[PDB]
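So the structure is just underneath, and the comments pick up after that.
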Amino acid sequence: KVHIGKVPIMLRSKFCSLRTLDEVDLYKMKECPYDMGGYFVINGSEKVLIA
DNA sequence: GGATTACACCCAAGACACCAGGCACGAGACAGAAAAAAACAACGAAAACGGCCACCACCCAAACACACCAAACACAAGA
């Protein structure tokens with residue numbers, strides 16, 4: 001399995017680690033339940049792709 | 001073919017080259033070019049055979065004449 005690179009992950013998508021959590025664990029992970037995702041985190045900065 | 005398309009002000013966010021073939025030096029091989037020799041042209045010397053004048057005799061050319069034929073004024077005919 002040659003490592004060919006790292007692909008940034010869209011938050012609240014099927015590959016995010018915040019997809020399987022419930023509201024309780026979300027609270028423990030410092031995540032706002034109102035936050036809907038849809039953006040990326042690059043160097044700690046939230047980025048959104050404009051259509 | 002270029003060149004220009006409002007004015008002022010505020011804030012945030014990322015990068016501030018990395019990596020790959022050419023110059024120098026680093027050494028071989030046919031080609032860019034140089035040296036030589038052997039079959040290429042000619043000329044000097046000897047050999048004898050082809051070329052020139054005689055001698056020569058038979059075959060073609062000219063003269064004589066034959067009969068034969070082509071031809072040209074004109075007496076006659078003719079429209």
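Residues are referred to by chain and number: the chain letter is A, B, ... according to the order shown in the structure tokens, the number counts from 1 in that chain, and ligands are numbered separately from 1 in the order shown.
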
Next on the checklist: At a cut-off of 12 Å, which residues of chain B touch chain A? Count only C-alpha atoms (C1' of nucleotides) and give the answer as a list in words.
Outcome noted: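 Listing them in order of chain and number gives residues 12, 13 and 14 of chain B.
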
Please dump the current selection as an mmCIF file, in the first residue's frame; keep N, CA, C and O atoms (P, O5', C5', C4', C3', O3' and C1' of nucleotides).
```cif
data_model
loop_
_atom_site.group_PDB
_atom_site.id
_atom_site.type_symbol
_atom_site.label_atom_id
_atom_site.label_comp_id
_atom_site.auth_asym_id
_atom_site.auth_seq_id
_atom_site.Cartn_x
_atom_site.Cartn_y
_atom_site.Cartn_z
ATOM 1 P P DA B 12 -7.579 41.582 10.830
ATOM 2 O "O5'" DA B 12 -7.745 40.319 9.858
ATOM 3 C "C5'" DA B 12 -8.878 39.461 9.985
ATOM 4 C "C4'" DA B 12 -8.960 38.492 8.814
ATOM 5 C "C3'" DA B 12 -7.849 37.437 8.772
ATOM 6 O "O3'" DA B 12 -8.410 36.130 8.774
ATOM 7 C "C1'" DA B 12 -8.113 38.493 6.647
ATOM 8 P P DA B 13 -7.515 34.874 9.231
ATOM 9 O "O5'" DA B 13 -6.708 34.469 7.911
ATOM 10 C "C5'" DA B 13 -7.392 33.874 6.813
ATOM 11 C "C4'" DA B 13 -6.430 33.535 5.686
ATOM 12 C "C3'" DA B 13 -5.079 32.956 6.130
ATOM 13 O "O3'" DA B 13 -4.859 31.697 5.503
ATOM 14 C "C1'" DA B 13 -4.784 34.688 4.530
ATOM 15 P P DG B 14 -3.647 30.755 5.977
ATOM 16 O "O5'" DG B 14 -2.611 30.823 4.759
ATOM 17 C "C5'" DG B 14 -2.999 30.353 3.473
ATOM 18 C "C4'" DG B 14 -1.903 30.591 2.448
ATOM 19 C "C3'" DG B 14 -0.506 30.123 2.867
ATOM 20 O "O3'" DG B 14 0.123 29.451 1.784
ATOM 21 C "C1'" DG B 14 -0.439 32.402 2.252
#
```

Next on the checklist: If we count only C-alpha atoms (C1' of nucleotides) and set the cut-off at 8 Å, which residues sit around range 4-21 of chain A, ignoring sequence neighbours fewer than 2 positions away in its own chain? Please answer as a PyMOL selection string.
Outcome noted: chain A and resi 2+23-26+36-42

Next on the checklist: As an exercise, work out the distance from CA of residue 33 in chain A to CA of residue 48 in chain A in Å and give it to one decimal place.
Outcome noted: 18.7 Å

Checklist entry - Which parts of chain A does DSSP call helix (DSSP H, G or I) when run on the backbone here, written out as an NGL selection string? => result :A and (23-28)

Next on the checklist: DSSP on the backbone: which residues in range 9-48 of chain A end up as strand (DSSP E or B)? Give the answer as a ChimeraX atom specification.
Outcome noted: /A:40-42,45-47

Keeping only C-alpha atoms, write the selected residues to a file as an mmCIF file, in the first residue's frame.
```cif
data_model
loop_
_atom_site.group_PDB
_atom_site.id
_atom_site.type_symbol
_atom_site.label_atom_id
_atom_site.label_comp_id
_atom_site.auth_asym_id
_atom_site.auth_seq_id
_atom_site.Cartn_x
_atom_site.Cartn_y
_atom_site.Cartn_z
ATOM 1 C CA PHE A 40 -12.253 21.698 5.181
ATOM 2 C CA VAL A 41 -9.550 22.399 7.780
ATOM 3 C CA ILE A 42 -6.205 23.332 6.200
ATOM 4 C CA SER A 45 -8.175 27.327 8.955
ATOM 5 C CA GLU A 46 -11.714 26.508 7.865
ATOM 6 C CA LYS A 47 -12.059 26.615 4.081
#
```

Item to check | Å distance separating CA of residue 49 in chain A from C1' of residue 9 in chain B, one decimal place | outcome: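 About the pair CA of residue 49 in chain A and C1' of residue 9 in chain B: they are 28.5 Å apart.
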